[PDB]
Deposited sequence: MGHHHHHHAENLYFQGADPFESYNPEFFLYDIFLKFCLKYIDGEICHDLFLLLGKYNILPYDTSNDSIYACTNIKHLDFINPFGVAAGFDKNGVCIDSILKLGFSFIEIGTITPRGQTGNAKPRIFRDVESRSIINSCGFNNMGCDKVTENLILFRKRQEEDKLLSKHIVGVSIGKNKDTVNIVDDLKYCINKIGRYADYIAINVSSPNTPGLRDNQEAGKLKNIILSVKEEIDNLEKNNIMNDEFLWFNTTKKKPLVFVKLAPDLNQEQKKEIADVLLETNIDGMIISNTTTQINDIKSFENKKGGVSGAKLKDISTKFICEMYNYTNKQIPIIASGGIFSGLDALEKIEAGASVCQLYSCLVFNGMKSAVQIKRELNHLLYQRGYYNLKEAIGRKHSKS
């Protein structure tokens, strides 16, 4: 009930959301969100997640199939509050070895009528050292909090603006924060770091994945060890860009199979949406509803190109339970949200979980795992 108690669907946060989306700068609303979470003002979802909507990627056991995508909590300043809204996992970052301010503001803009966002942030983050300290503090609180014992935390890693070879920055981050991550997400798909997406070329991508895997394996040798949720070394995911041709996607699939990567995040923002009058002026990558179809088709292609052997984390225009089921039936095992929290507020997780559960029931699925890839 929106009015009777304090909970994710509390009516006042919807009043706030309407005021924010109409009058307040996008990045300012997001900072206010994080401040409320940093001081544990936001409401909790203490509901038991349905046993039939759980999912997994190898040993990662997601209590439910909805997490928060990278770029929402870049520095891990309110990991607890975001998770407690009802999410099973969060991807902090993307982080860089040293801190950097990013591109000039304003750099985030929303189109409410199309439920779309465009951003040109440029990997703004406090730096690997400080974000590592932020994550360690969460891991210590997690061991005591019975609401977070099974929640998953991944770390997205990139490179600083003036780094020549990306692997040098990735290796630094892994040795600093890898011990506290349940998985590592390699960001070679940001459209706001010039030249980053070139690293999706098969040759460079293979070298990057293998270098990241070796550094994670070296953490074990060089060094209680795994202060994370799984108590195992982090898995390795790659986050891919949607603006690729079929031959690019096929050679990427061959690399992902050859390197035994643990999963792929499909996908990052697109630069190929010029349908939004309000974004005419603007630079950066686009998120939200206008990315949904692009991202779902991309999931179908990679699911087939990898012969269903690489688990998929879905990202792009997921707002409703039907949207999530589309991603799942396309080949995704788990979903990430971002734009949904921007346009629907604190109730995003509670609402979408209920919609998905009622849909799996309406469609005749016994559980979510049964729906993975059923479109094929």
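Missing from the model, relative to the deposited sequence, are the stretches 1 to 17, 241 to 245, 399 to 401.
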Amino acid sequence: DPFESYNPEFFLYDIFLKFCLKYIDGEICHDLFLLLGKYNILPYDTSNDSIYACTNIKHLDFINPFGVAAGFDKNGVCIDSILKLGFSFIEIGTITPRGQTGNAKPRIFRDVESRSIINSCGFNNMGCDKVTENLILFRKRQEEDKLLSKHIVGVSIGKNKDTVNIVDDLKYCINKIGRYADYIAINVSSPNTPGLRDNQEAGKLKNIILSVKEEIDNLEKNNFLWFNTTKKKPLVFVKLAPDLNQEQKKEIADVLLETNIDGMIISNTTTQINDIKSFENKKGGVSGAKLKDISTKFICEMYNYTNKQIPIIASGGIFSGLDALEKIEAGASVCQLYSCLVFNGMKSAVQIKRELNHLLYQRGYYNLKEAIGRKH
From here on, numbers count along this sequence of modelled residues.
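Rigid core (definition): largest C-alpha set, two forms, superposition within 1.5 Å.
Superposing each structure in 8 other deposited structures of this protein on the rigid core shows that the farther-lying of 195 to 203 and 126 to 134, by root-mean-square Cα distance, is 195 to 203. Comparing 138 to 146 with 77 to 85 by root mean square Cα distance to the shown form in 8 other deposited structures of this protein, with the rigid core used for the fit, gives 138 to 146 as the more displaced stretch. Between the stretches 50 to 58 and 314 to 322, it is 50 to 58 that shows the larger average CA temperature factor. For the segment pair 97 to 105 and 290 to 298, the entry gives 97 to 105 the higher mean B-factor, averaged over Cα atoms. Per the PDB entry, 80 shows the highest C-alpha temperature factor of the residues 80, 201, 262, 169. When the Cα B-factors of 130, 197, 159, 206 are read from the PDB record, 130 comes out highest. Compared with the other modelled residues of the chain, the Cα B-factor recorded for residue 42 ranks in the highest third. Annotation for residue 226: CA B-factor lies in the highest third of the chain's modelled residues. When the modelled residues of the chain are ordered by C-alpha B-factor, residue 281 sits in the highest third. When the modelled residues of the chain are ordered by their C-alpha B factor, residue 251 lands in the highest third. Among the modelled residues of the chain, residue 34 sits in the middle third by CA temperature factor in this PDB entry.
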